[PDB]
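See below for final_36.pdb, which holds PDB, N, CA and C atoms and all ligand atoms.
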```pdb
ATOM      1  N   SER A   1      83.995  86.523  93.007  1.00  0.00           N
ATOM      2  CA  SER A   1      82.812  85.616  93.040  1.00  0.00           C
ATOM      3  C   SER A   1      82.072  85.661  91.702  1.00  0.00           C
ATOM      4  N   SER A   2      80.848  85.211  91.673  1.00  0.00           N
ATOM      5  CA  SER A   2      80.076  85.230  90.398  1.00  0.00           C
ATOM      6  C   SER A   2      78.788  86.039  90.571  1.00  0.00           C
ATOM      7  N   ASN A   3      78.658  86.738  91.666  1.00  0.00           N
ATOM      8  CA  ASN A   3      77.425  87.547  91.891  1.00  0.00           C
ATOM      9  C   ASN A   3      77.791  88.917  92.471  1.00  0.00           C
ATOM     10  N   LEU A   4      77.621  89.960  91.705  1.00  0.00           N
ATOM     11  CA  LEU A   4      77.959  91.320  92.213  1.00  0.00           C
ATOM     12  C   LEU A   4      76.692  92.183  92.298  1.00  0.00           C
ATOM     13  N   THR A   5      76.547  93.158  91.438  1.00  0.00           N
ATOM     14  CA  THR A   5      75.328  94.018  91.487  1.00  0.00           C
ATOM     15  C   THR A   5      75.089  94.513  92.916  1.00  0.00           C
ATOM     16  N   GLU A   6      73.850  94.629  93.314  1.00  0.00           N
ATOM     17  CA  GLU A   6      73.548  95.104  94.695  1.00  0.00           C
ATOM     18  C   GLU A   6      74.503  94.454  95.699  1.00  0.00           C
ATOM     19  N   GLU A   7      74.933  93.257  95.421  1.00  0.00           N
ATOM     20  CA  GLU A   7      75.870  92.566  96.349  1.00  0.00           C
ATOM     21  C   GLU A   7      77.225  93.271  96.326  1.00  0.00           C
ATOM     22  N   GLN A   8      77.736  93.547  95.156  1.00  0.00           N
ATOM     23  CA  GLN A   8      79.047  94.249  95.073  1.00  0.00           C
ATOM     24  C   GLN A   8      78.856  95.706  95.502  1.00  0.00           C
ATOM     25  N   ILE A   9      77.833  96.343  95.003  1.00  0.00           N
ATOM     26  CA  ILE A   9      77.574  97.756  95.386  1.00  0.00           C
ATOM     27  C   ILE A   9      77.528  97.873  96.907  1.00  0.00           C
ATOM     28  N   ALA A  10      76.577  97.234  97.532  1.00  0.00           N
ATOM     29  CA  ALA A  10      76.488  97.306  99.017  1.00  0.00           C
ATOM     30  C   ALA A  10      77.883  97.147  99.626  1.00  0.00           C
ATOM     31  N   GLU A  11      78.606  96.147  99.202  1.00  0.00           N
ATOM     32  CA  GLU A  11      79.978  95.939  99.744  1.00  0.00           C
ATOM     33  C   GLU A  11      80.843  97.162  99.436  1.00  0.00           C
ATOM     34  N   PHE A  12      80.713  97.703  98.255  1.00  0.00           N
ATOM     35  CA  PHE A  12      81.515  98.901  97.890  1.00  0.00           C
ATOM     36  C   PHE A  12      81.103 100.086  98.766  1.00  0.00           C
ATOM     37  N   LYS A  13      79.826 100.340  98.873  1.00  0.00           N
ATOM     38  CA  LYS A  13      79.356 101.472  99.719  1.00  0.00           C
ATOM     39  C   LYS A  13      80.143 101.488 101.028  1.00  0.00           C
ATOM     40  N   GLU A  14      80.146 100.394 101.741  1.00  0.00           N
ATOM     41  CA  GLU A  14      80.914 100.350 103.015  1.00  0.00           C
ATOM     42  C   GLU A  14      82.373 100.716 102.735  1.00  0.00           C
ATOM     43  N   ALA A  15      82.931 100.178 101.685  1.00  0.00           N
ATOM     44  CA  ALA A  15      84.345 100.499 101.343  1.00  0.00           C
ATOM     45  C   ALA A  15      84.466 101.983 100.991  1.00  0.00           C
ATOM     46  N   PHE A  16      83.625 102.468 100.117  1.00  0.00           N
ATOM     47  CA  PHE A  16      83.696 103.910  99.747  1.00  0.00           C
ATOM     48  C   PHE A  16      83.856 104.753 101.011  1.00  0.00           C
ATOM     49  N   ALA A  17      82.895 104.701 101.893  1.00  0.00           N
ATOM     50  CA  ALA A  17      82.999 105.493 103.149  1.00  0.00           C
ATOM     51  C   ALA A  17      84.406 105.347 103.728  1.00  0.00           C
ATOM     52  N   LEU A  18      84.892 104.140 103.831  1.00  0.00           N
ATOM     53  CA  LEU A  18      86.264 103.937 104.377  1.00  0.00           C
ATOM     54  C   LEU A  18      87.224 104.937 103.731  1.00  0.00           C
ATOM     55  N   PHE A  19      87.133 105.109 102.440  1.00  0.00           N
ATOM     56  CA  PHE A  19      88.030 106.078 101.749  1.00  0.00           C
ATOM     57  C   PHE A  19      87.687 107.502 102.190  1.00  0.00           C
ATOM     58  N   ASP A  20      86.436 107.864 102.126  1.00  0.00           N
ATOM     59  CA  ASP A  20      86.031 109.235 102.546  1.00  0.00           C
ATOM     60  C   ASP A  20      86.140 109.371 104.068  1.00  0.00           C
ATOM     61  N   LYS A  21      86.960 110.270 104.538  1.00  0.00           N
ATOM     62  CA  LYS A  21      87.111 110.443 106.011  1.00  0.00           C
ATOM     63  C   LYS A  21      86.051 111.411 106.547  1.00  0.00           C
ATOM     64  N   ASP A  22      85.089 111.761 105.739  1.00  0.00           N
ATOM     65  CA  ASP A  22      84.029 112.702 106.208  1.00  0.00           C
ATOM     66  C   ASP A  22      82.642 112.081 106.012  1.00  0.00           C
ATOM     67  N   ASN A  23      82.557 111.017 105.262  1.00  0.00           N
ATOM     68  CA  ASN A  23      81.234 110.368 105.033  1.00  0.00           C
ATOM     69  C   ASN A  23      80.293 111.327 104.302  1.00  0.00           C
ATOM     70  N   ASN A  24      80.831 112.267 103.574  1.00  0.00           N
ATOM     71  CA  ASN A  24      79.960 113.227 102.836  1.00  0.00           C
ATOM     72  C   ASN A  24      79.573 112.645 101.474  1.00  0.00           C
ATOM     73  N   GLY A  25      79.604 111.347 101.342  1.00  0.00           N
ATOM     74  CA  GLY A  25      79.247 110.724 100.037  1.00  0.00           C
ATOM     75  C   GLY A  25      80.222 111.216  98.967  1.00  0.00           C
ATOM     76  N   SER A  26      81.315 111.798  99.380  1.00  0.00           N
ATOM     77  CA  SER A  26      82.311 112.305  98.396  1.00  0.00           C
ATOM     78  C   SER A  26      83.730 112.069  98.919  1.00  0.00           C
ATOM     79  N   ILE A  27      84.684 111.935  98.039  1.00  0.00           N
ATOM     80  CA  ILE A  27      86.084 111.698  98.490  1.00  0.00           C
ATOM     81  C   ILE A  27      87.039 112.679  97.806  1.00  0.00           C
ATOM     82  N   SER A  28      87.909 113.295  98.559  1.00  0.00           N
ATOM     83  CA  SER A  28      88.870 114.261  97.953  1.00  0.00           C
ATOM     84  C   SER A  28      90.236 113.597  97.759  1.00  0.00           C
ATOM     85  N   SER A  29      91.219 114.351  97.349  1.00  0.00           N
ATOM     86  CA  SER A  29      92.573 113.761  97.140  1.00  0.00           C
ATOM     87  C   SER A  29      93.085 113.133  98.439  1.00  0.00           C
ATOM     88  N   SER A  30      93.283 113.929  99.456  1.00  0.00           N
ATOM     89  CA  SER A  30      93.781 113.378 100.748  1.00  0.00           C
ATOM     90  C   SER A  30      92.845 112.276 101.253  1.00  0.00           C
ATOM     91  N   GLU A  31      91.562 112.499 101.188  1.00  0.00           N
ATOM     92  CA  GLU A  31      90.597 111.464 101.664  1.00  0.00           C
ATOM     93  C   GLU A  31      91.030 110.076 101.182  1.00  0.00           C
ATOM     94  N   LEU A  32      90.983 109.841  99.899  1.00  0.00           N
ATOM     95  CA  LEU A  32      91.392 108.507  99.372  1.00  0.00           C
ATOM     96  C   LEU A  32      92.869 108.249  99.675  1.00  0.00           C
ATOM     97  N   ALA A  33      93.625 109.285  99.923  1.00  0.00           N
ATOM     98  CA  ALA A  33      95.073 109.096 100.225  1.00  0.00           C
ATOM     99  C   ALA A  33      95.254 108.586 101.658  1.00  0.00           C
ATOM    100  N   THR A  34      94.393 108.985 102.553  1.00  0.00           N
ATOM    101  CA  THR A  34      94.518 108.523 103.965  1.00  0.00           C
ATOM    102  C   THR A  34      94.243 107.019 104.055  1.00  0.00           C
ATOM    103  N   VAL A  35      93.730 106.436 103.005  1.00  0.00           N
ATOM    104  CA  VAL A  35      93.439 104.975 103.031  1.00  0.00           C
ATOM    105  C   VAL A  35      94.746 104.176 103.026  1.00  0.00           C
ATOM    106  N   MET A  36      95.817 104.779 102.586  1.00  0.00           N
ATOM    107  CA  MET A  36      97.121 104.056 102.556  1.00  0.00           C
ATOM    108  C   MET A  36      98.147 104.778 103.433  1.00  0.00           C
ATOM    109  N   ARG A  37      97.876 106.003 103.794  1.00  0.00           N
ATOM    110  CA  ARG A  37      98.836 106.759 104.649  1.00  0.00           C
ATOM    111  C   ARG A  37      98.963 106.088 106.019  1.00  0.00           C
ATOM    112  N   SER A  38      97.861 105.729 106.619  1.00  0.00           N
ATOM    113  CA  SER A  38      97.921 105.072 107.957  1.00  0.00           C
ATOM    114  C   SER A  38      98.607 103.706 107.845  1.00  0.00           C
ATOM    115  N   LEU A  39      98.560 103.102 106.688  1.00  0.00           N
ATOM    116  CA  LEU A  39      99.209 101.771 106.516  1.00  0.00           C
ATOM    117  C   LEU A  39     100.733 101.922 106.513  1.00  0.00           C
ATOM    118  N   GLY A  40     101.236 102.946 105.880  1.00  0.00           N
ATOM    119  CA  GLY A  40     102.711 103.147 105.842  1.00  0.00           C
ATOM    120  C   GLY A  40     103.144 103.491 104.415  1.00  0.00           C
ATOM    121  N   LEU A  41     102.669 104.587 103.889  1.00  0.00           N
ATOM    122  CA  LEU A  41     103.054 104.975 102.501  1.00  0.00           C
ATOM    123  C   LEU A  41     103.185 106.497 102.396  1.00  0.00           C
ATOM    124  N   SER A  42     102.269 107.224 102.974  1.00  0.00           N
ATOM    125  CA  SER A  42     102.343 108.711 102.904  1.00  0.00           C
ATOM    126  C   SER A  42     102.645 109.160 101.472  1.00  0.00           C
ATOM    127  N   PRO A  43     101.710 108.902 100.600  1.00  0.00           N
ATOM    128  CA  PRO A  43     101.871 109.278  99.175  1.00  0.00           C
ATOM    129  C   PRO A  43     101.696 110.791  98.999  1.00  0.00           C
ATOM    130  N   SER A  44     102.231 111.341  97.944  1.00  0.00           N
ATOM    131  CA  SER A  44     102.093 112.808  97.718  1.00  0.00           C
ATOM    132  C   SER A  44     100.944 113.087  96.745  1.00  0.00           C
ATOM    133  N   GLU A  45     100.486 114.312  96.690  1.00  0.00           N
ATOM    134  CA  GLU A  45      99.362 114.668  95.771  1.00  0.00           C
ATOM    135  C   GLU A  45      99.449 113.865  94.470  1.00  0.00           C
ATOM    136  N   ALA A  46     100.608 113.799  93.872  1.00  0.00           N
ATOM    137  CA  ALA A  46     100.744 113.025  92.606  1.00  0.00           C
ATOM    138  C   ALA A  46     100.046 111.669  92.749  1.00  0.00           C
ATOM    139  N   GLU A  47     100.431 110.895  93.726  1.00  0.00           N
ATOM    140  CA  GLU A  47      99.788 109.564  93.925  1.00  0.00           C
ATOM    141  C   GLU A  47      98.397 109.743  94.541  1.00  0.00           C
ATOM    142  N   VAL A  48      98.252 110.695  95.421  1.00  0.00           N
ATOM    143  CA  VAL A  48      96.925 110.933  96.058  1.00  0.00           C
ATOM    144  C   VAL A  48      95.907 111.341  94.993  1.00  0.00           C
ATOM    145  N   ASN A  49      96.081 112.502  94.430  1.00  0.00           N
ATOM    146  CA  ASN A  49      95.145 112.974  93.378  1.00  0.00           C
ATOM    147  C   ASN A  49      95.007 111.905  92.287  1.00  0.00           C
ATOM    148  N   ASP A  50      96.067 111.202  91.994  1.00  0.00           N
ATOM    149  CA  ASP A  50      95.992 110.145  90.946  1.00  0.00           C
ATOM    150  C   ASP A  50      94.844 109.181  91.257  1.00  0.00           C
ATOM    151  N   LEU A  51      94.814 108.645  92.447  1.00  0.00           N
ATOM    152  CA  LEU A  51      93.718 107.702  92.811  1.00  0.00           C
ATOM    153  C   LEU A  51      92.363 108.404  92.690  1.00  0.00           C
ATOM    154  N   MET A  52      92.203 109.520  93.348  1.00  0.00           N
ATOM    155  CA  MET A  52      90.907 110.252  93.267  1.00  0.00           C
ATOM    156  C   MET A  52      90.588 110.593  91.808  1.00  0.00           C
ATOM    157  N   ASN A  53      91.590 110.897  91.030  1.00  0.00           N
ATOM    158  CA  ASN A  53      91.346 111.239  89.598  1.00  0.00           C
ATOM    159  C   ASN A  53      90.961 109.983  88.812  1.00  0.00           C
ATOM    160  N   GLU A  54      91.757 108.953  88.897  1.00  0.00           N
ATOM    161  CA  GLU A  54      91.438 107.700  88.154  1.00  0.00           C
ATOM    162  C   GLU A  54      89.959 107.344  88.327  1.00  0.00           C
ATOM    163  N   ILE A  55      89.355 107.773  89.401  1.00  0.00           N
ATOM    164  CA  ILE A  55      87.915 107.456  89.624  1.00  0.00           C
ATOM    165  C   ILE A  55      87.059 108.711  89.420  1.00  0.00           C
ATOM    166  N   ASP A  56      87.671 109.863  89.405  1.00  0.00           N
ATOM    167  CA  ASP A  56      86.890 111.118  89.209  1.00  0.00           C
ATOM    168  C   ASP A  56      86.244 111.127  87.821  1.00  0.00           C
ATOM    169  N   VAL A  57      85.047 110.620  87.711  1.00  0.00           N
ATOM    170  CA  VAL A  57      84.365 110.600  86.384  1.00  0.00           C
ATOM    171  C   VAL A  57      84.174 112.029  85.868  1.00  0.00           C
ATOM    172  N   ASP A  58      83.965 112.966  86.752  1.00  0.00           N
ATOM    173  CA  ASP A  58      83.775 114.377  86.310  1.00  0.00           C
ATOM    174  C   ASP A  58      85.107 115.130  86.363  1.00  0.00           C
ATOM    175  N   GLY A  59      85.966 114.772  87.279  1.00  0.00           N
ATOM    176  CA  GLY A  59      87.281 115.465  87.379  1.00  0.00           C
ATOM    177  C   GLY A  59      87.133 116.723  88.235  1.00  0.00           C
ATOM    178  N   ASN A  60      86.737 116.571  89.469  1.00  0.00           N
ATOM    179  CA  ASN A  60      86.576 117.762  90.353  1.00  0.00           C
ATOM    180  C   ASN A  60      87.474 117.632  91.586  1.00  0.00           C
ATOM    181  N   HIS A  61      88.569 116.930  91.463  1.00  0.00           N
ATOM    182  CA  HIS A  61      89.497 116.757  92.624  1.00  0.00           C
ATOM    183  C   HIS A  61      88.882 115.809  93.659  1.00  0.00           C
ATOM    184  N   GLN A  62      87.875 115.071  93.278  1.00  0.00           N
ATOM    185  CA  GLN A  62      87.238 114.123  94.237  1.00  0.00           C
ATOM    186  C   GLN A  62      86.259 113.208  93.503  1.00  0.00           C
ATOM    187  N   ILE A  63      85.851 112.141  94.129  1.00  0.00           N
ATOM    188  CA  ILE A  63      84.898 111.210  93.469  1.00  0.00           C
ATOM    189  C   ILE A  63      83.765 110.837  94.429  1.00  0.00           C
ATOM    190  N   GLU A  64      82.616 110.519  93.904  1.00  0.00           N
ATOM    191  CA  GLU A  64      81.474 110.133  94.780  1.00  0.00           C
ATOM    192  C   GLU A  64      81.349 108.609  94.811  1.00  0.00           C
ATOM    193  N   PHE A  65      80.575 108.076  95.716  1.00  0.00           N
ATOM    194  CA  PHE A  65      80.434 106.595  95.775  1.00  0.00           C
ATOM    195  C   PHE A  65      80.244 106.028  94.367  1.00  0.00           C
ATOM    196  N   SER A  66      79.098 106.258  93.777  1.00  0.00           N
ATOM    197  CA  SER A  66      78.830 105.739  92.399  1.00  0.00           C
ATOM    198  C   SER A  66      80.106 105.772  91.552  1.00  0.00           C
ATOM    199  N   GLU A  67      80.867 106.830  91.642  1.00  0.00           N
ATOM    200  CA  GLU A  67      82.128 106.902  90.850  1.00  0.00           C
ATOM    201  C   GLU A  67      83.079 105.801  91.319  1.00  0.00           C
ATOM    202  N   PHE A  68      83.204 105.631  92.607  1.00  0.00           N
ATOM    203  CA  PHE A  68      84.095 104.564  93.140  1.00  0.00           C
ATOM    204  C   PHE A  68      83.661 103.213  92.558  1.00  0.00           C
ATOM    205  N   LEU A  69      82.399 103.070  92.264  1.00  0.00           N
ATOM    206  CA  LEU A  69      81.905 101.788  91.685  1.00  0.00           C
ATOM    207  C   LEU A  69      82.321 101.691  90.215  1.00  0.00           C
ATOM    208  N   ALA A  70      82.368 102.804  89.535  1.00  0.00           N
ATOM    209  CA  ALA A  70      82.764 102.789  88.098  1.00  0.00           C
ATOM    210  C   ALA A  70      84.207 102.300  87.952  1.00  0.00           C
ATOM    211  N   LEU A  71      85.097 102.792  88.770  1.00  0.00           N
ATOM    212  CA  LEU A  71      86.519 102.355  88.677  1.00  0.00           C
ATOM    213  C   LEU A  71      86.730 101.065  89.476  1.00  0.00           C
ATOM    214  N   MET A  72      86.111 100.955  90.618  1.00  0.00           N
ATOM    215  CA  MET A  72      86.278  99.723  91.442  1.00  0.00           C
ATOM    216  C   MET A  72      85.829  98.491  90.649  1.00  0.00           C
ATOM    217  N   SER A  73      84.587  98.109  90.777  1.00  0.00           N
ATOM    218  CA  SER A  73      84.093  96.916  90.029  1.00  0.00           C
ATOM    219  C   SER A  73      85.132  95.790  90.081  1.00  0.00           C
ATOM    220  N   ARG A  74      85.654  95.505  91.241  1.00  0.00           N
ATOM    221  CA  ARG A  74      86.671  94.420  91.356  1.00  0.00           C
ATOM    222  C   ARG A  74      87.901  94.757  90.507  1.00  0.00           C
ATOM    223  N   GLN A  75      88.488  93.774  89.880  1.00  0.00           N
ATOM    224  CA  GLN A  75      89.689  94.040  89.038  1.00  0.00           C
ATOM    225  C   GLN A  75      89.955  92.855  88.105  1.00  0.00           C
ATOM    226  N   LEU A  76      89.905  91.658  88.621  1.00  0.00           N
ATOM    227  CA  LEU A  76      90.156  90.464  87.762  1.00  0.00           C
ATOM    228  C   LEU A  76      89.076  89.406  87.999  1.00  0.00           C
ATOM    229  N   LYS A  77      89.155  88.699  89.093  1.00  0.00           N
ATOM    230  CA  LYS A  77      88.133  87.651  89.379  1.00  0.00           C
ATOM    231  C   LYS A  77      87.631  87.782  90.820  1.00  0.00           C
TER     232      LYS A  77
HETATM  233 CA    CA B 101      84.212 113.925 102.150  1.00  0.00          CA
HETATM  234 CA    CA B 102      83.597 113.357  91.407  1.00  0.00          CA
END
```
Show me this structure written as structure tokens.
Amino acid sequence: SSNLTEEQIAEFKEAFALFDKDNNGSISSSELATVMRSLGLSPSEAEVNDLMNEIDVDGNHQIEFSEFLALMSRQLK
């Protein structure tokens, strides 16, 4: 769309939680990995930690909502 900010953030917040299976405002390797495991992929730490890392602004084996917004921010249009 052409309007994000609080609009994209709010939408992301709901999505972030989806990734975190504990709602602790934080996501670990498996946490973000369970987002595709139930679909039919069962990725290994390599792919699991990869996702959590690609967004881990600090690099602590997990990412927080705000971090999910830094890497998320849509992708193309
Ligand atoms: Ca958590
Ligand atoms: Ca983090």
| If I put a ball of radius 5 Å at (90.0, 105.8, 104.9) in the file's coordinates, which residues poke into it when counting all atoms listed in the file, written as a ChimeraX atom specification? | /A:18-20,34-35
Taking only N, CA and C atoms and all ligand atoms into account, which residues have an atom no farther than 6.5 Å from ligand CA 101 (chain B)? I'd like them as a PyMOL selection string. chain A and resi 20-28
Could you list, as a PyMOL selection string, all residues that come within 9 Å of ligand CA 102 (chain B)? Count only C-alpha atoms and all ligand atoms. chain A and resi 26-28+52-53+55-65+67-68
TODO: List every residue of chain A that DSSP, applied to the backbone, labels as helix (DSSP H, G or I), and write the result as a PyMOL selection string.
DONE: chain A and resi 6-19+29-40+45-55+65-71
